[PDB]
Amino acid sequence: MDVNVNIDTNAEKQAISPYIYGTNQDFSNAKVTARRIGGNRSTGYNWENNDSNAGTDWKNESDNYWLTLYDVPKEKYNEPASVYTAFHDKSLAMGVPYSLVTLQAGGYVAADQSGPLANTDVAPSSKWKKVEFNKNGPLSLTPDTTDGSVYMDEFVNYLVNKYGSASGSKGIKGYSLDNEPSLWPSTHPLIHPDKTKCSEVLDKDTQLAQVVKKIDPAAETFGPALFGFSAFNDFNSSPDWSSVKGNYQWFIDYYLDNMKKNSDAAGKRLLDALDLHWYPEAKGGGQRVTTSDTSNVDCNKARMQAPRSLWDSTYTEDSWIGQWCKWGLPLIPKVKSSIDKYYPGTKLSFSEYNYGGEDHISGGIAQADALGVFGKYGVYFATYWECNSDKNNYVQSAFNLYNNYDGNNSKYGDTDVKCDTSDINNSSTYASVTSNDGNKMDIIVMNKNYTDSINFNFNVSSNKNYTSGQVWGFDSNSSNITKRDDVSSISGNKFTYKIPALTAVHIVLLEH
């Protein structure tokens, strides 16, 4: 089929945030620009001794899981925050410019490593230390592990003491206000048996964000870290939602408006990034696309289309969101409208997401598309979450397609520009320019079609004169990014490139 692509390097310009190419889990061979330590294990992580609790993901088990996961040596097992310092040390060693780390708000953190806890061990008990936000006495780099409490200000202070402020080269840049708070009772029944109130989340986010700003005025806060659309909507059927709803379309408006009001009252921004998790509910072939089963072709197809629910008002996905909450899709324009109406200047983060089929071309194309979307639509931060025991070779290809396509860490541009394809069903196209190198334009082009090749007819409107194009890509035959044939000929900033089915490509155009 033929598809036209119209690029204008002087229209619809948008700064691409460098921190969209992040992860929660390290890749064996993929370039990242941001890393998070967060998720379910964060809520009951004790910084004083590194103990944590799995909650209902793993038998309410209190253990050394985070010590092993983050490769803390045995002689640092009892060093405060050794899990977080191993983590941020690795960020620095890798040259990764942004670490997002999680602080605790659930209410209690593991006191020991006694294994699976009984329902009788519900907090408060000898199994739990109480979280407090403020110590109200002098801070120590050697916190007391023998009392019944753990202090968040003392924790951040330890980290800043080691690394300095976020304003400097080594500082941790971001702090997450715990994790998935409306799921505290079902993920962490032993910490937080009761449903989380809208007023409770607001208050805890507000007070925890004030601790961060006190200790590191330059550090950024991420909240509320909502699990999914149900929490965006009515904070997962929060018992107090009816009484605080008023005119608010959804909990996101309530949350933004009140953080704005709370920030104005405190005299400083307390929320830097509205932080959200997005595991697509989109289905194909009767399956949610997050599945690892790639034998299901209609599921594979839905997977590559699913990123369209983030931005495209013409796309309808097969899900309960698509059926019952059409008002909330496409997601990013909706959230962006809420930000512009309730808390202007707030950034948007996706600290967990995963499109499934990680070891399949449909999983790589969907991941490549999600990364394009984040960059085109003003996402500040995003961190992929691993769902398939590191069987993620095509996910890694997508990351490398952007920032290490040639194995020499050549990267995508920092400025998104107008790049309109005539077929959004069968293709995705992103173009970028690099603010300090006018010699080049970078284009991501994917053929989402399962069987047919696409002749892409490119029309670049620019004052630059591009004369050569190089091409790198992956496809259904290999996750390995191979250098493909050069662009044939460029005449008057126009050229053609034929892409086979299920292929994702990075095109580099040069004036010279």
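Position 1 is the first residue in the sequence shown; the rest follow in order.
Per the record, averaged over C-alpha atoms, which has the higher B-factor: 89-97 or 324-332?
Taking the mean B-factor of the alpha carbons in each, 324-332 is higher.
Between the two ranges 387-395 and 176-184, the one averaging a larger CA B factor in the entry
Higher mean C-alpha B-factor in the PDB entry: 387-395.
According to the Cα B-factor stored in this entry, which of the following is highest: 455, 68, 40, 46?
When the deposited C-alpha B-factors of 455, 68, 40, 46 are compared, 455 is largest.
Highest recorded Cα temperature factor - choice among 233, 82, 149, 410
Across 233, 82, 149, 410, the entry lists the biggest C-alpha B-factor for 410.
In terms of the CA temperature factor given in the entry, to which third of its chain does residue 496 belong: lowest, middle or highest?
Its C-alpha B-factor belongs to the highest third of this chain's values.
Ranked against its chain, the third holding the CA B-factor of residue 443:
It belongs to the middle third of the chain when residues are ordered by C-alpha B-factor.
For residue 34, does the deposited CA B-factor place it in the lowest, middle or highest third of the chain?
Lowest third, going by the recorded CA B-factors of the chain.
Taking the C-alpha B-factors as the PDB entry records them, is residue 502 in the lowest, middle or highest third of its chain?
For residue 502, the deposited C-alpha B-factor lands in the middle third.
When the deposited Cα B-factors of this chain's modelled residues are ordered and cut into thirds, is residue 52 in the lowest, the middle or the highest one?
For residue 52, the deposited C-alpha B-factor lands in the lowest third.
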